[PDB]
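Coordinates in review
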Amino acid sequence: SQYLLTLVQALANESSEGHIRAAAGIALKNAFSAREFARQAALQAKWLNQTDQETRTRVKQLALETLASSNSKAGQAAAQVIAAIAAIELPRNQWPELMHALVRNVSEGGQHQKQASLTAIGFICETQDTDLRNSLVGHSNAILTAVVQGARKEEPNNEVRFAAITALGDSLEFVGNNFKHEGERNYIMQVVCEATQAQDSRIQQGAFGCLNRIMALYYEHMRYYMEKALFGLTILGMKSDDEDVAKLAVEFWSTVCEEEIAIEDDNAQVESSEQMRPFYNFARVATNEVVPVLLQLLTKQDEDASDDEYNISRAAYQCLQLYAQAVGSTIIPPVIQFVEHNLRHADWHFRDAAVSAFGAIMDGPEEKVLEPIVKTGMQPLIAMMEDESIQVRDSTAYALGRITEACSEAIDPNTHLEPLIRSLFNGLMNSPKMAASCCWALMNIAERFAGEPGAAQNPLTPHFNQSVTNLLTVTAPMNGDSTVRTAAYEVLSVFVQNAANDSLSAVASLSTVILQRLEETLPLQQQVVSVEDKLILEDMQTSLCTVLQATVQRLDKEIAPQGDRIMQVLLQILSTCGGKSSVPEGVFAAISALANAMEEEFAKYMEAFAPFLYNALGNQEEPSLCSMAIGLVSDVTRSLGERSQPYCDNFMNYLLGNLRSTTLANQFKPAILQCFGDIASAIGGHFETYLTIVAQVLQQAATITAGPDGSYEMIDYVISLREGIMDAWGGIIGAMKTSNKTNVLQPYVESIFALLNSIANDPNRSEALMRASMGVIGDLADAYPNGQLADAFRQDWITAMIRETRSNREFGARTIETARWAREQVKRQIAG
């Protein structure tokens, strides 16, 4: 009380040093405000009640008068105090007209007084509060007209315009109403076009930033203001010698391409135009004026700049990608022009900018229009791998990889494929700095020239053994750069994945080599002492296990002689590994390949490997390994079939035990229920023992929902969850169907339909969920020939569900075919 008077009078007290005054007002706001929530309400009790009217009148008077104090600091804390008082009093229909007067202070008051006024408007508008803003919508008028008055050329101070645009930036957090009327919007867009005109850099920064958030806001009225001056204004700012202003000038079209991407990708989802969101096609119009500036900002570069710090060229490149993915093929015509100019240029800034540019536009534009020049200008581009500038060599490499990913067909094999390979290998084996791109490009070649399935040969085959030899060559050293080793093994794993049958024998020899190297790591496990040594050996073992997986998946059934040595070395690796390591995870991958390959022949490995699997299942403290263990349970049992039963009891105890959770959202549950499915399909009749419990859990799991609080998280969780439930019922019905025990499967069928209903009524659905849905439908048809399910089948939601399924073209083959099969099953089941 008297406390409050001494404080606020100290706030008004000019004779005291300004920092002390700031201490006084900051102390006073904190006598009634904090970032903390509930204590805020307590302080509000200290405002309204403990000290009822008191001087709150005199306090607010002293604060409003303190706004006019010469110090910015005095008006700093004064603005803070008014900012607090408003947050309590104005909604309560307290403080009224104390807001209206503030605008008059803005349009007529003193210069520092203007600082404190707009500073108050800023400090108030910064908060995100739906009821606060509910009472602030009524005051939004005075706020917007005020910030109009203050940002004016007519206004002298720059700092008042900083506070004005800052007031814009946090006021526009609230676009509620936002005055749909075009008049006020005209003055606003005028004062913002004005705001970008400032000779000052910093005012332009606030201007372009607020204009950015606004371009994320009222695009609707914006459509008309856009169509003339703004293009050349934006070009003027993009050309600015200023950096951070150039960065925000970039951030515009960054945001523009973002929202227009969202709309372009909502307009294909349209079934009818009422569904349509507005679209403005700002990009395709702007590009022919905007793009040349993007090249011009690419030629400029800074090697001295720290890596992964954003730069004008950097953001220009990223935004050029955004145009590339929104503007579509329409982006092409400027870019090629600038590439046509610069490709042979002496200055390396221009060559790097060249290939970075041509390496920017392959994505987005449709394939064949890309083909003719990519089929034409490619050869010099390979010739440019010999460039003096390793950075340019690097950018050429990534450009090459993008060409692979895009117009793979553009690479005529006989007259381009070999040189490109030799270039990427030599650049890998001699130039580590450009190595990673060379890897990525090569992986793409493998994916693109894999050839027809079952093929005796693929385009890669002649280059294959030389490739494997080169990769084993670069991976050979124990002191090679860890990154180049890893990437080289990854590219190798990909050539192995994508290889012709004629090369299988070669891959077989390769597999032996991998095992050999894996075995050799085990003594190396012992030589480790530095932590770096641990990271290297773990990454090394991880890479070898991965490539080994590739060999096993491709060799398929031919891997059998290798299998003993494989399980021996891998199980030895498990015994020596421990803790946060990626190794065991990769080892289960390789074992998983060996199990799917050997299938029932794997069963001899189960007696020794089972404990490792159990142990991986029992430790949630290794979530990724536990998940890998569950998936591997599914793999083992699906491959061994009936053989896997004795193990299945222990498998079920680890799965069912893993269902126990203190969190409703068990992250393993979808995988576990799915594993129930796979276990069911494999076992058949003996799954009956588990049926009483499994069904319970499935009946449980169906009840789970994201609720009205719908994170993308919880939604996707429920979706994958029900994918697990349907996979589970599918396998269980199949097992019951082949066990002559459908009668015990009788009770749960109504719950199954209830789930199908729950899914059909849900907009949020996955393709796989619908595939499994269809399959469970038909499985139910085969399960119950009697036709007593027909009266359950005949309901509209079933038929509309199946038809909505098969009708959709977005889904792949498997799903729609299952839908056809299901519908035939249903129509047949209508009578019997």
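Thresholds, definitions, all that
- Residues numbered from 1 in each chain as written, not as in the entry; some residues may be left out.
- Heavy atoms only, no water.
- Helix = DSSP H or I, 4+ residues; strand = E, 2+ residues; numbered from the N terminus.
- Buried < 20%, exposed > 50% of the residue type's maximum accessible area, 1.4 Å probe, protein only.
- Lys, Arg positive; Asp, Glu negative; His and termini not counted.
- Charge placed at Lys NZ, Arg CZ, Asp CG, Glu CD.
- Contact = heavy atoms within 4.5 Å.
- Salt bridge = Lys/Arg side-chain N within 4 Å of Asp/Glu carboxyl O.
- Axes fitted to C-alpha atoms, helices over the stretch in contact; angles between N-to-C directions.
- Parallel < 35°, antiparallel > 145°, perpendicular 65-115°, else oblique.
- Left-handed = near helix turned anticlockwise from the far one by under 90°.
- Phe/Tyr/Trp six-rings, centres within 6.5 Å; stacked < 30°, edge-to-face > 60°.
- Expected span 1.5 Å × (residues − 1).
- Disulfide = S-S within 2.5 Å.
- Core = buried A, V, L, I, M, F, W, Y, C linked by side-chain atoms within 4.5 Å.
- Nonpolar A, V, L, I, M, F, W, Y, C, P; charged D, E, K, R; others polar.

As stated in the entry header, the method of structure determination is X-ray crystallography and the reported resolution is 3.2500 Å.

A count of helices and strands for the protein gives 41 helices and zero strands. Here the C-alpha coordinates of the protein stretch approximately 90 × 75 × 60 Å along the principal axes. Counting every position in the protein, which comprises 832 residues, the buried fraction comes to 51%. Averaging the coordinates of the 63 positive side-chain charges in the protein and doing the same for the 100 negative ones gives two points 4 Å apart.

With nine of eleven residues buried, helix α19 (residues 348-358) lies mostly within the body of the structure. Here α19 has its buried residues at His349, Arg351, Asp352, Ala353, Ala354, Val355, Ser356, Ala357 and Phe358. Structurally, α19 contributes buried residues whose contacts are with α16 (282-299), α17 (312-326), α18 (332-342), α20 (367-374), α21 (378-383) and α22 (390-405).

Within the secondary structure, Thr637 is located in helix α32 (residues 623-640). Assessed through its relative accessible area of 0%, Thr637 is described here as buried. The residues contacting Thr637, other than those within four sequence positions of it, are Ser644, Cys648, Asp678, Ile679 and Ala682.

The next thing to look at is unusual backbone geometry. Trans is the prevailing form of peptide bonds, just as negative phi is the prevailing case for residues other than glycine. Backbone geometry places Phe179, a non-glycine residue, at a positive phi of 55 degrees. Looking at the element boundaries, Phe179 is found in the loop between α10 (159-171) and α11 (182-195). Judged by relative accessible area, which is 18%, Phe179 ranks as buried. With phi around 55 degrees, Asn740 is a residue other than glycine that occupies positive phi space. Tracing the backbone through its elements, the reader meets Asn740 in the loop between α36 (712-737) and α37 (749-760). Judged by relative accessible area, which is 73%, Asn740 ranks as exposed.

A few words on the side chain of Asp352. Mapped onto the elements of the fold, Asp352 is located in helix α19. One buried charge, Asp352, has no salt-bridge partner; the nearest side chain with opposite charge is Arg351, at 8.9 Å. When neighbours within four sequence positions are excluded, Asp352 is seen to be in contact with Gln301, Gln391, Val392 and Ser395.

Turning to the pattern of salt bridges, a few remarks are in order. Tallied over the full model, the rule gives 19 salt bridges. The salt bridge partner of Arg351 is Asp387, with a shortest N-O separation of 3.1 Å. Of this pair, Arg351 sits in helix α19 while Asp387 is found in the loop between α21 and α22, placing the two residues 36 residues apart along the sequence. Assigned by exposure class, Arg351 and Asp387 land together as buried. Residue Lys534 is joined to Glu538 by a salt bridge in which the shortest nitrogen-to-oxygen separation is 2.6 Å. Placement of both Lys534 and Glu538 in helix α28 (residues 531-555) is noted, with a separation of four residues, approximately one turn of the helix. Among the charged side chains, a network of salt bridges with common partners joins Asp307, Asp308 and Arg314.

Where helix α38 (residues 767-783) contacts helix α41 (residues 813-829), the two axes come as close as 8 Å, and the packing angle between them is 25 degrees. Relative to α41, α38 is oriented roughly parallel. In this structure, the crossing between α38 and α41 has a hand that is left-handed. For the pair α38 and α41, contact is made by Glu767, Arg771, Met774, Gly775, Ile777, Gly778, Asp779, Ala781 and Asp782 and by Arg814, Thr815, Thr818, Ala819, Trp821, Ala822, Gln825, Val826 and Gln829, respectively.

Moving on: the packing of aromatic side chains. For the structure on display, the rule yields 13 aromatic pairs. With 4.6 Å between their ring centres and 90 degrees between their planes, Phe32 and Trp47 make a pair best called edge-to-face. Placement of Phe32 in the loop between α2 (18-29) and α3 (38-48) and of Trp47 in helix α3 is noted, with a sequence separation of 15 residues between them. Pair check on accessibility: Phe32 and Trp47 agree, each one buried. With a centroid separation of 5.6 Å and 80 degrees between ring planes, the pair formed by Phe602 and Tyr605 is classed as edge-to-face. By relative accessible area, which is 0% here, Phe602 ends up buried.

This part is about helix α33 (residues 645-658). Compared with an ideal rise of 1.5 Å per residue, which puts 14 residues at 20 Å, α33 spans 19 Å between its outermost C-alpha atoms and is within 8% of the ideal. Those residues of α33 hidden inside the fold are in contact with α31 (606-618), α32, α34 (669-683) and α35 (688-701).

To continue, consider the environment of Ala326. With respect to the helices, strands and loops of the structure, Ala326 is situated in helix α17. Note on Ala326: relative accessible area 3%, which makes it buried. Measuring from C-alpha to C-alpha, the distance between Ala326 and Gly710 comes to 29 Å, with 384 residues separating the pair along the chain.

Of note, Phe449 is situated in the loop between α24 (435-448) and α25 (461-475). Note on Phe449: relative accessible area 8%, which makes it buried. C-alpha separation for the pair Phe449 and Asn498, spaced 49 residues apart in sequence, amounts to 7.9 Å. Leave out the neighbours within four places in its chain, and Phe449 touches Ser408, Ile411, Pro413, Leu417, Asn458, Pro459 and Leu460.

Before going further, it helps to spend a moment on the state of the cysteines. With the rule as written, the count across this model stands at zero disulfides. Among the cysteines around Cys210, which has no disulfide bond, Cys125 carries the closest sulfur, lying 11 Å off. With no disulfide of its own, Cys439 lies 6.8 Å from the sulfur of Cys438, the closest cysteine sulfur.

Looking now at the nonpolar core. Counting residues in each nonpolar core, the largest one holds 271 residues, and the members touching the most others are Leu570, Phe602, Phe609, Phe676, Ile679 and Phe753. A per-element tally of this core places α36 first, with twelve residues.

Before going further, it helps to spend a moment on the packing of α18 against α19. Between α18 and α19, the shortest axis-to-axis distance is 9 Å and the interhelical angle comes to 145 degrees. Relative to α19, the crossing made by α18 is left-handed. For the pair α18 and α19, contact is made by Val335, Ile336, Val339 and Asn342 and by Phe350, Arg351, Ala354, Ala357 and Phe358, respectively. Class assignment for the residues of the contact of α18 with α19 results in seven nonpolar, one polar and one charged.

Time to look at the environment of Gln525. With respect to the secondary-structure elements, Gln525 resides in helix α27 (residues 504-527). Its relative accessible area of 26% is what places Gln525 among the partly exposed residues. Sequence separation between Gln525 and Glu538 is 13 residues; the distance between their C-alpha atoms is 9.1 Å. Residue contacts for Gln525: discarding those within four places in its chain leaves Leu537, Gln541 and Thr576.

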